[PDB]
Each structure stands twice: as structure tokens, then as C-alpha cells.
Amino acid sequence: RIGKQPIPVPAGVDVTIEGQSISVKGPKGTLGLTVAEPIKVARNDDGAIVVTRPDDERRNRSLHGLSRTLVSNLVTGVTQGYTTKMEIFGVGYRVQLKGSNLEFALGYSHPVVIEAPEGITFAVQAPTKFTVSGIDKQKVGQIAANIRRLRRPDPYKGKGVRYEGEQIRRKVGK
Amino acid sequence: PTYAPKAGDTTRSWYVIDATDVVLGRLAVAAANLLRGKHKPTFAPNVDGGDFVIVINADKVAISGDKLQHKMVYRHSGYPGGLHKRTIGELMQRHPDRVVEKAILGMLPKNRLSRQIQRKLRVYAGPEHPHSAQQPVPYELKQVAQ
Amino acid sequence: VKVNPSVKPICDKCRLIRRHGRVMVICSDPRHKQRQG
Amino acid sequence: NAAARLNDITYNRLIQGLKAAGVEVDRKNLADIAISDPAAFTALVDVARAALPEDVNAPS
Amino acid sequence: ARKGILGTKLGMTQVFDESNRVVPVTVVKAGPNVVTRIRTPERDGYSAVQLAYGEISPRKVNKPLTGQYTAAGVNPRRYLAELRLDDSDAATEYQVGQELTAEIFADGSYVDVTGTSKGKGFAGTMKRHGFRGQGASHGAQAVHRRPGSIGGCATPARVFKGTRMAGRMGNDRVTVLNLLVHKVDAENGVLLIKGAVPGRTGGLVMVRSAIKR
RNA sequence: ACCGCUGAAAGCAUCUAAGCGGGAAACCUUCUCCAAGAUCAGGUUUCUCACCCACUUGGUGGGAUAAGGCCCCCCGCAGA
RNA sequence: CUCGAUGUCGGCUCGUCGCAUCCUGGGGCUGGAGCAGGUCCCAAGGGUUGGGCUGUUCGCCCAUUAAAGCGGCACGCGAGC
Ligand SMILES: [Mg+2]
Ligand SMILES: [Mg+2]
Ligand SMILES: [Mg+2]
Ligand SMILES: [Mg+2]
Ligand SMILES: [Mg+2]
Ligand SMILES: [Mg+2]
Ligand SMILES: [Mg+2]
Ligand SMILES: [Mg+2]
Ligand SMILES: [Mg+2]
Ligand SMILES: [Mg+2]
Ligand SMILES: [Mg+2]
Ligand SMILES: [Mg+2]
Ligand SMILES: [Mg+2]
Ligand SMILES: [Mg+2]
Ligand SMILES: [Mg+2]
Ligand SMILES: [Mg+2]
Ligand SMILES: [Mg+2]
Ligand SMILES: [Mg+2]
Ligand SMILES: [Mg+2]
Ligand SMILES: [Mg+2]
Ligand SMILES: [Zn+2]
């Protein structure tokens, strides 16, 4: 089902194809992506993105649904970016900024600092809540997963770092 | 009596083999046939006939991606537990002219005269070779149809 | 994980997948994790 | 085999075409024309190419 | 970024510091040096600096070695060694003809002193390698200091390479790491180096700056 | 080993099939030593940089030198 | 295979290798609160004590230790003792 479907363009001011290549620019910065060579890409009548394949192989059906939900993740984040909302639980655990960085107090004997890479923008909203923002979906979730593993999971007191809305497992202990 | 080549009759020439999209085992075979003079009708197995082979672009030879992870090169130093090992993937970063060379030398006969034949091989990593004083004619890999 | 040369799902929400050339059982319950070996 | 692959034929299809044309030269003298007279070796390869069948992989 | 000097071990004395502790030092005459050559990567493939040390009479130096000094404009010295730098920054602080005296090191700097160990001759295995030997009684017949076994049995039918046996001991390049400079003395050209330094009293010594600290 | 991110075949889900991460006293570099007999016998330099005879005139035999070294001599904390 | 000879247990000296890991290093699950543990997976770089009794190997015991691993090599090693 995925891949037999057109992808809209709100602005997309540089939708270009130069030897199986693609780019996208708009309210945010630019991105780049290379599609595997049995899959082609072109423009529909509305400027929409439709990808095709030589039919009925195991290796072409997998890359066809793959290379649709990456192009649609380029034209999304350039127009409407990605934010991951994260919550700090546990008593005495909080979060601050120091410039562009983000320092944690996770019960350790030293503060824990997270250097934000070239494109990931931090912003707290509360002392125990913050959001990780950026334009590339794969690059945002990589940095959010580095913050999630900053404590070993504690299912007895629930202390640690979580995504918002997710429910970790809990045991009873003593 | 059948022909036996006198000394002073083996003419030689210079060939350059671009290695850009050629597998390691085709290019070793075609270089080792060319070093020994199998292609010349004056072949005699005790006489070093055959030509000079230059192999440029050794870092672009075609190796399957699952061999660079897994195919190993073993060496031993004579000392106990001196079996040192590398992979092809961590020789193509350092010495891409040794991978194309080692494939050729195992295809030459294991005798004294192949120690004289392997002196006629130059293998280079980049697209530029210093032997422009000679005139190496380029050599494409043929296959005679049948 | 439990590493045994016979793996099969235990409860009704274990899933039996194949990643990296080996058969393993992933689940929400952590003590149902298995792989062949 | 070396003198046949310069006239773009194999040793395989050279012995076949010489037998199909009725040329009974032994391999001693056929490997001495290959050195001492390379222009008459080609005139033999052109006879072993004409008497060879039209599709060599077709069943006979 | 790695200072060095050539010098001569002059022996060991003892001295005291401000906390009234005794410090066994090795007096090294880090004498005056001169450059004579600069190795560059565009010419030589690496980056180093030569150093000349020692007073020699100009008749004891032969004509090939003499003309190597005439190109540099330096009177001929006895010794001549190199200081290996990293891949850059040689000809920014060394020139041909410069005078490197002993005060390129500070006090409380850590140095690496390399040299040539004293000769011990043809030595046995209880001295060259620390073998225990056999007993001195209880029936032991003429094997008091001998090695004992040297291999297996009919598998393998050989002695493995690198088997520790008797031979000649010493006269090796030995680098001693992270020795403490106690007092630099620019009046006499003398470094007081805390501890032991490889060599006999009079031998050549390269004092480089440490990297492990 | 194991924990992941993005994501299809399989509208969901999955660490993987395309692609990218974190990750051990093991492996490779870094530090110490040997090492161009590495016969692919390496590099940067300076010095001498020159004569005579015989013969079947040959990348030919001898003789005498230069730079430089060895032997002898006085010895060594270098050493069978 | 060796009878016109292939010297046997233990100990001493000197070793090298495997991993089926005793310690140290990285982990999953736990009927893991914490501290200590159990179990399984990865890992062979180094380290792995000295005594009493016994010809002993093995084993019990004493005092420690981060721990006092298990095996191959003619049950390694007598032209070495
Ligand atoms: Mg054979
Ligand atoms: Mg993996
Ligand atoms: Mg002595
Ligand atoms: Mg000692
Ligand atoms: Mg003793
Ligand atoms: Mg006796
Ligand atoms: Mg005695
Ligand atoms: Mg024996
Ligand atoms: Mg590391
Ligand atoms: Mg050296
Ligand atoms: Mg040389
Ligand atoms: Mg006998
Ligand atoms: Mg555990
Ligand atoms: Mg294991
Ligand atoms: Mg061990
Ligand atoms: Mg290591
Ligand atoms: Mg053992
Ligand atoms: Mg034993
Ligand atoms: Mg035995
Ligand atoms: Mg015995
Ligand atoms: Zn389950």
C-alpha cells in the first residue's frame, strides 16, 4: 500500500532530480537523500512525489515502501519540524540549560552534560520537563534516545528519564 | 626439433590495466597470464617470456561487501602465538596495492623463476603511475567467444 | 535473554522474529526474551 | 592455444573445425606453423571456422 | 612541542629540598648544542632537527663529515643525533646555527632520559633473565645454575623462537621515563635529574621532555 | 555480548532487508625496543671525483693511487 | 608402530597453547529495595600465595588473598636434575 501514493508539496522550493537525487527547502533548512537505483522518483501533475518499481521481487517491494516514508520525512520536517517532549521523574532530579547545552542532575556525584549537535535545538519548559527539537526525524530521535538511557531503568521507584505518555514497567520490591 | 627460444629473442612490452570496476580474481588471472607470456605462441615453461604489467587504481578493485568484513589475511612470525591477522577491509584502507599483489602471486607457479617473474609487476593505488617514460598500451580484459 | 537451541513463544503476546541471521523471541515481558544458540 | 586466441578462436573449436574440414595436420607441426609462419596459421583458422557448424551449442 | 638536548652523565650525588627530604640526583651536563640540519617533510618525509654536541679537535674529523658542517657554518662537534618531532612545527622555532643551552627545561618538569646501558658481557640465565636455578644440595648434580628444560617432547620436535637462553647482556638503548628535574643550573649547564640514568659516567645522554608526565 | 534511532517487505508493529549510532583489561593505533639480506636491498647529505701498462681490444687482465678504512702499537667500566 | 631397547610415578627447573573463566573487565533476566547474591551470554590481556601431614597425585587442615581456575603437549620436561 505504502509507495503507491502521492506525497504533497506545500512549498518545496527546490524539488530537484539530478541522477536519482532529491532535495527539499522551505520554512526550515535543506535536506538531502539518495534513493536506491531500482526505485525511480518523479513529479506528478500537482507537483506530488510518486515512486515506482519493476514489479514483483522481494528486494524491490521492500525498498519501495522504504523510500516513500523517507522522502515524506524530508518534506515534513522542512515544513513542519520534529519535537520530542521528554519528562524527568524522581525527586531531586531536574534539568537546566547552560547556553546551547543541557545539564542534568540524575543522582550522580557529578553533573551530566549533553552537547547538542549541529541541528538539534534544546528548550526546557519546566524544571522537570523539556523538549528536543530539530528538522531530521532520524537525527532527532537519535539524540532523544541518548537522553533516555542516561539512567539504568529503575522499576522500583520509577526514577529516571522518560518519554511523555509512555508507561514503564514496575515491580513491587520490598 | 620443436622450438626452444634462444636468449635474446624474448621481446617484451608494457601494459597498464585500469582496475576501476574489475573483480579481484579476474584481474589477478589476466595479470598473471600476462606476466608469464601464456598469450605468446613462443611460450616455454622454463623461459621467462612475457611482459611488464602496471596496475593502476588498486583502491577501486571490486570486492564483495561481505568479504571485506570476513575474509582474513593471516601472517605468522615464528614466535609462539605470532599468528597475526587482518581483514581485507583493513588492508584496503592502509595498503590497497598489497591486496591486488597478493592475489596475483598465489597464481604464479611456486618455483624459482616466478620469483623472477614477479619483479615485472608494479601495482599502484592512485590513478597516476610514474612509468610514463615507457609507452604502456592499455589492456582491456577480453573473453574469446565460443 | 535465555540462550537455548529451542525457542518458541510462551504467552499470547510474544513475537518470534529473525534479525541478524538468528531466530529470537521479543516481547513486552522481559523474562520471555529468547534467542537461539 | 596461444596462437588461436590471437585469431579470436579457442583451442576447443579449432580442433573441431580442422576435423570437420578434413585437415590431418598433427599437433607438432601445427604448433610449429604457429611460430615459424604466423600468416599461414591464420589461413588454417579461417578453414576451421567455416567448417564449424552454424550453432555449435545446438544438438546434432 | 617536544624539547630535547644532548648531554653527558657526570655521576650521582645527593641533595635536599625544602621539606628536608633527601633526593638522589643524577648530574647531567646538558651542554651547549647546535642544530646543523633541519629535516622537512617536503624534502625528507619526516620532521626532525639535528643536534651537535661535544668539543673535538678539528683534525680528528674526516673530510666527508667535515663538509657536512661547512654547509651549516658550524665548527665540527663530536656527537650528532636527531630529535624526532611530530608532523609539523620544526622550522618555526629552530634555525640552522641556533644555540640550545640547558635552560630550555624548567624546574619541576618531567623528562625522559635515554642512553646506553652498561655492558654486562656474556651472561647466564640466572642473571640475564632471573631464572631460579636448581638446588644447592639434596643430590643435585652439576645443574645449580643451568636452565633446565627447553622444550616439550616429540610434539613439538623443536625449541620455540624467543626461548630465553644465555648470551650477551647490556649495551642496549634504554629509555627511562618521567624523571623529575630538581634544579636547572644555567650557570654551569647542569641538570639535576631525580633518580637513575642509564649509562656509564661519561656516556652520551639524550634528555627529551616527557609526554606521559 | 547487549541496549538503540529511523523503516519497509507485512496501511500496524519490528534494531535490518536500504541506511546511521552507543558499546569491554580482548583487536588495531598511541608509549618502549629491534629492524632496508624490506634481494621492491630505501631516503637526505657531504668527500674523492684521478692516472699507467699489456693483450686475442673484450662490461678484458694486471700495476699504482684519491677519499676513506684495516693491520701493528698504548689502553678501556667494550670484551670468550 | 616399536622386543638386534621408544627409560616408568611424583617433585625441582623452564615453558608454550586451548577456554569448558577462579579474579579483574562488559552485559541480559531475577522470586534484583539497598548491600551482597543466583543464573545465563561476551571476553584468554595480565594475575592465580606461603605452610602442616603423606613417596605421593588426589585430598583434609592452618593463615591469608582481588582470586587461590580446569585441561592438552610421550598422564610436556631423566643425552636438564
Ligand atoms: Mg605442482
Ligand atoms: Mg550486531
Ligand atoms: Mg665486564
Ligand atoms: Mg636487573
Ligand atoms: Mg638458589
Ligand atoms: Mg658428575
Ligand atoms: Mg655440586
Ligand atoms: Mg628427553
Ligand atoms: Mg577504548
Ligand atoms: Mg632505530
Ligand atoms: Mg642504502
Ligand atoms: Mg635400533
Ligand atoms: Mg549478572
Ligand atoms: Mg566463551
Ligand atoms: Mg593464563
Ligand atoms: Mg591489547
Ligand atoms: Mg600447564
Ligand atoms: Mg603432569
Ligand atoms: Mg611425563
Ligand atoms: Mg622423573
Ligand atoms: Zn511474553
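What you see below is based on every heavy atom in this structure, not just the backbone, and it leaves out hydrogens, waters and symmetry mates. Proteins get letters first, then strands, A, B, ... in listed order; numbering begins at 1 in each.
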- Query: Thinking salt bridges, do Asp89(E) and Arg2(E) make one under a 4.0 Å N-O criterion?
  - Reply: no
- CG (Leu68(B)) and CD (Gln93(B)) are apart, to the nearest 0.5 Å, by 9.0 Å
- Heavy atoms, side chains only, cut-off 4.5 Å: are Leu70(A) and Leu33(A) in contact? yes
- Task: Mind checking the CD1-CD1 spacing from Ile56(B) to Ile17(B)? Nearest 0.5 Å is all I need.
- Result: 10.0 Å
- State whether the number of non-hydrogen atoms from other residues, nucleotides or ligands found under 6.0 Å of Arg86(B) atom CZ is greater than 12. no
- Item | Heavy-atom closest pair, residues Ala125(B) and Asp59(B) | O-OD1, 2.9 Å
- The single option from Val3(C), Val7(C), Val25(C) passing side chain to side chain contact (heavy atoms under 4.5 Å, CB included) against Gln36(C): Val7(C)
- Message: What's the separation between atom CZ in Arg5(D) and atom CG in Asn1(D), rounded to the nearest 0.5 Å?
- Response: 4.5 Å
- Separation between OG1 of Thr163(E) and CZ of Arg158(E), rounded to the nearest 0.5 Å: 9.0 Å
- Considering only heavy atoms from C-beta outward, does the side chain of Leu30(D) approach that of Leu44(D) to under 4.5 Å? yes
- May I ask you to check whether over 12 heavy atoms, not counting those of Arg43(A), lie within 6.0 Å of atom CZ? yes
- Note on the structure: Distance col, row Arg98(B):CZ vs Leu91(B):CG, nearest 0.5 angstrom, shows 7.0 Å
- Report yes if the side chains of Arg15(C) and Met24(C) come closer than 4.5 Å at any heavy-atom pair, otherwise no. no
- Query: Side chains of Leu121(B) and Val55(B): closer than 4.5 Å at any heavy-atom pair?
  - Reply: yes
- Task: Fit a plane to each ring of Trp14(B) and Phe52(B), take the angle between them on a 0 to 90° scale, and name the class: parallel (under 30°), tilted (30 to 60°) or perpendicular (over 60°).
- Result: parallel
- Query: For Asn7(D) and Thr42(D), does a side-chain donor sit closer than 3.5 Å to a side-chain acceptor?
  - Reply: yes
- Message: Using a 3.5 Å distance criterion without hydrogens, assess whether the side chain of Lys33(C) forms a donor-acceptor pair with backbone atoms of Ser28(C).
- Response: no
- Message: Set out, in order, the CA-CA distance, both residues' side-chain angles and the distance that settles ring-ring contact (aromatic ring centres under 6.0 Å, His included) for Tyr124(B) and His131(B), then state yes or no.
- Response: CA-CA 11 Å; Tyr124(B) 293 108; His131(B) 309 282; 5.6 Å; yes
- Task: Would you check if the side chain of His32(C) reaches a backbone N or O of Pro9(C) as a donor-acceptor pair within less than 3.5 Å?
- Result: no
- Can you sort out the partners of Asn4(C) under side chain to side chain donor-acceptor pair (under 3.5 Å), two or more places apart, ordered by chain and number? none
- Query: Could you go step by step and tell me if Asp48(B) and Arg115(B) meet the salt bridge (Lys or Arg N to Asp or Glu O under 4.0 Å) rule?
  - Reply: CA-CA 10 Å; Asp48(B) 190 3; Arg115(B) 189 172 297 115; over 6 Å; no
- Query: Just by modelled atom types, is the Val45(D) backbone N or O under 3.5 Å from a matching donor or acceptor in the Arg49(D) side chain?
  - Reply: no
- Minimum heavy-atom distance between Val78(A) and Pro27(A), given as atom pair plus value: O-CD, 3.7 Å
- Counterpart residues, side-chain contact (heavy atoms from CB on, under 4.5 Å), relative to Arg75(B) (two or more places apart): none
- Task: List the steps, then state whether side-chain hydrogen bond (donor to acceptor under 3.5 Å, both in side chains) holds for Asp18(B) with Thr20(B).
- Result: CA-CA 6 Å; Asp18(B) 195 358; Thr20(B) 303; 2.7 Å; yes
- Message: Looking at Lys28(A), I'd like to know if its NZ atom is crowded, meaning that more than 12 non-hydrogen atoms belonging to other residues, nucleotides or ligands lie closer than 6.0 Å.
- Response: yes
- Taking atom OG1 of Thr69(A) and atom CG of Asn73(A), what is their separation to the nearest 0.5 Å? 6.0 Å
- May I ask you to decide if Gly89(B)'s main-chain N or O and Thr87(B)'s side chain share a donor-acceptor pair within less than 3.5 Å? yes
- Sorted by chain and residue number, the salt bridge (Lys or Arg N to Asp or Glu O under 4.0 Å) partners of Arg36(B) (sequence neighbours excluded) come out as none
- Heavy-atom count around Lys71(B) NZ within 6.0 Å, excluding the residue itself: above 12? no
- Task: Say whether, by atom type as modelled, one donor and one acceptor occur between the side chain of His76(B) and the main chain of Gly78(B) under 3.5 angstrom.
- Result: yes
- Message: Using a 3.5 Å distance criterion without hydrogens, assess whether the side chain of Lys120(B) forms a donor-acceptor pair with backbone atoms of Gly50(B).
- Response: yes
- Should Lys40(B) and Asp51(B) count as an ion pair when the cut-off is N to O under 4.0 Å? yes
- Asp21(B) atom CG: more than 12 heavy-atom contacts under 6.0 Å: no
- Item | Polar side-chain atom of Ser114(B) near backbone of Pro109(B) as donor-acceptor pair, under 3.5 Å | yes
- Query: Does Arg169(A) CZ have over 12 foreign heavy atoms under 6.0 Å away?
  - Reply: yes
- Item | Non-hydrogen atoms of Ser67(A) and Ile39(A) that approach each other most closely | OG-CG2, 3.4 Å
- Taking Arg68(A) for its side chain and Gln5(A) for its backbone only, find out whether a donor-acceptor pair lies under 3.5 Å. no
- Item | Backbone of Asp56(A) reached by a side-chain donor or acceptor of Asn60(A) within 3.5 Å | no
- Do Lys85(A)'s NZ or CZ and the ring of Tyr163(A) fall within the cation-pi criteria of under 6.0 Å and 45°? no
- Are the side chains of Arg53(A) and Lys4(A) in touch, meaning some heavy atoms are under 4.5 Å apart? yes
- Message: So, using salt bridge (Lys or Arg N to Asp or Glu O under 4.0 Å) as the criterion, who are the partners of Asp136(A) when residues are at least two apart?
- Response: none
- Item | Contact check, side chains of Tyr3(B) and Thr42(B), non-hydrogen atoms, under 4.5 Å | yes
- Pairs where residues 17-30 of chain C contributes a residue and the test salt bridge (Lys or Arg N to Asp or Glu O under 4.0 Å) is met, not counting sequence neighbours: none
- Flag yes if more than 12 heavy atoms outside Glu128(B) fall under 6.0 Å of its CD atom; otherwise flag no. no
- Message: Is the shortest side-chain heavy-atom distance between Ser60(D) and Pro53(D) below 4.5 Å?
- Response: no
- Task: From the options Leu102(A), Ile120(A), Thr121(A), select the one residue that forms a side chain to side chain contact (heavy atoms under 4.5 Å, CB included) with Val132(A).
- Result: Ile120(A)
- Query: Can you name the residues that form a side-chain contact (heavy atoms from CB on, under 4.5 Å) with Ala116(A), not counting sequence neighbours?
  - Reply: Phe122(A)
- Task: Using a cut-off of 6.0 Å, state whether more than 12 heavy atoms not belonging to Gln116(B) lie near its atom CD.
- Result: yes
- Message: Check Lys139(A) with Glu118(A), please: is the shortest side-chain N to carboxylate O separation under 4.0 Å?
- Response: no
- Item | Side-chain donor/acceptor of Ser64(B) to backbone N/O of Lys67(B), under 3.5 Å | no
- Message: Could you check whether any side-chain heavy atom of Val112(A) comes within less than 4.5 Å of a side-chain heavy atom of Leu150(A), counting everything from C-beta outward?
- Response: yes
